[PDB]
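Take a look at this one chain, the form deposited in one PDB entry, written out in C-alpha cells.
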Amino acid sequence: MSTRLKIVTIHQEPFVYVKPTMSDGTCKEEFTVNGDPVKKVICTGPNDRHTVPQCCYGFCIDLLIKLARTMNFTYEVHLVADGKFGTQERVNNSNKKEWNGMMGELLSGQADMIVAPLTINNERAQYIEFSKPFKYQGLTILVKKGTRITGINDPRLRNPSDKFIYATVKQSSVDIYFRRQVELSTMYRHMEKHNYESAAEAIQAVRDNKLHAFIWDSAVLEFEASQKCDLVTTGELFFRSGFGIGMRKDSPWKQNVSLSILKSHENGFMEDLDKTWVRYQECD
C-alpha cells in the first residue's frame, strides 16, 4: 500500500468550503460559532486554467480527518478539475462511455477516494464502491419566497413552458435521476436547456429571478434557505438518498471506512458534525 491517498472533493457548502490561502500560503486560523477549531486542509484546484493551493474545510473535511486518523493514512486533497460530481456520457458517438467529474477522476486514478456529498445510486455503484451512508437526505426544490408551487408534481413542472424555468446541476446525480425514467422525459427536455454548471450558480440565479426552481440535495438547499431568507424550499422530499465515500473496487480501505462511518453515527460524532455544519434555525 502507498498509504498516501489522493482525495478529490468539490466546492459545496456546508459540506466543503473553499477559501483563498493567506499571503504566506497557510490557512487562517478560525473557530466555529460554537467554539470548535476549524480544521483546514490545503486543497489544490482551479479558481477561475492554472491550479492554485486553496483552503478547504467543512463537514466532509472533518470526516476525511477522522477517517485518516482512524485508519492511519496520509492524504493530499484537490478539487475536481471539471467542477462536476459525475455522470456517464457516450464518447464521440463511439461504443465507449466515460465518467466525468469526481467519478471520472476516481476511475482514472487521478483520485483514490472521493470525499464529498456524493450521492449513492445504482449507476455509480456498478463501477465504484460506496461506503455506508455518512449522511441521509433527499431531493427537494428551492424557489424564491413568494413563488407558489406544490412540489415535483406541480403543473408548472410537469407541463413545462419557457414561462417557468427550472433546472438542476449538469453532470450530477439529479441529472441522472431525471434522465433515468422515460416518465420524466418531458421534464428532462426542459431542464437540459437550463441546467447550471454548479449549485452555487443555480442558487444565485434563483435569488436573481433568472431561475424559478432549483431541484437539488435537501442537505444543501435547506442550509441555503436557512442563511438566505429570500429563498425557501417547497414540497418536502420527493426522493430519499444518501451520501457515501467513493472508492475504487480494489481499495484496501473500504471495509474500515464503512466501519468508521457506522461507529461515528453510533457515538455522536456524526451528530456533532451535523450540528456544526448542516443544521440551522428556521427564518422568521
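For every residue, the number given is its place in the sequence shown, counted from 1.
Check this for me: in at least a third of the other entries compared, is residue 222 absent while its neighbours are modelled?
In all of the other entries, residue 222 has coordinates.
Does the comparison with other entries of this protein show residue 47 left unmodelled in at least a third of them?
Yes; at least one third of the other entries leave residue 47 out.
Between residue 48 and residue 49, what class does the number of missing deposited residues fall in: none, 1 to 3, 4 to 9, or 10 or more?
In the record, 4 to 9 residues between residue 48 and residue 49 lack coordinates.
Please compare 93 to 101 with 137 to 145 and say which has the higher mean C-alpha temperature factor in the record.
Per the PDB entry, the higher value belongs to 93 to 101.
Which is higher on average in the deposited entry, the C-alpha temperature factors of 35 to 43 or of 212 to 220?
According to the PDB entry, the answer is 35 to 43.
Between 151, 117, 109, 83, where does the Cα B-factor run highest in the record?
Answer, based on the entry's C-alpha B-factors: 151.
Among 259, 64, 245, 27, single out the one with the highest C-alpha B factor in the record, please.
When the deposited C-alpha B-factors of 259, 64, 245, 27 are compared, 27 is largest.
Residue 274 - Cα temperature factor, lowest/middle/highest third of chain
Its C-alpha B-factor, which the entry lists for residue 274, ranks in the highest third among residues of this chain.
Test of reading the entry: by CA B factor among the chain's modelled residues, which third contains residue 59?
Tercile = lowest for this residue's CA B-factor.
Ordered by C-alpha B-factor within the chain, which third holds residue 180? Give me lowest, middle or highest, please.
Tercile = highest for this residue's CA B-factor.
Mind checking which third residue 165 falls in for C-alpha B-factor across the chain?
Highest third of the chain for residue 165's C-alpha B-factor.
Within-chain third of residue 158 by Cα B-factor, per the entry
Its C-alpha B-factor belongs to the highest third of this chain's values.
Separately, the form deposited in another entry exists; it is not shown, and the next lines address it.
Splitting the movement between this form and the one not shown into two rigid parts, and assigning each C-alpha by whichever superposition fits it better, I want to check if residue 212 and residue 133 land together.
They fall in different rigid parts.
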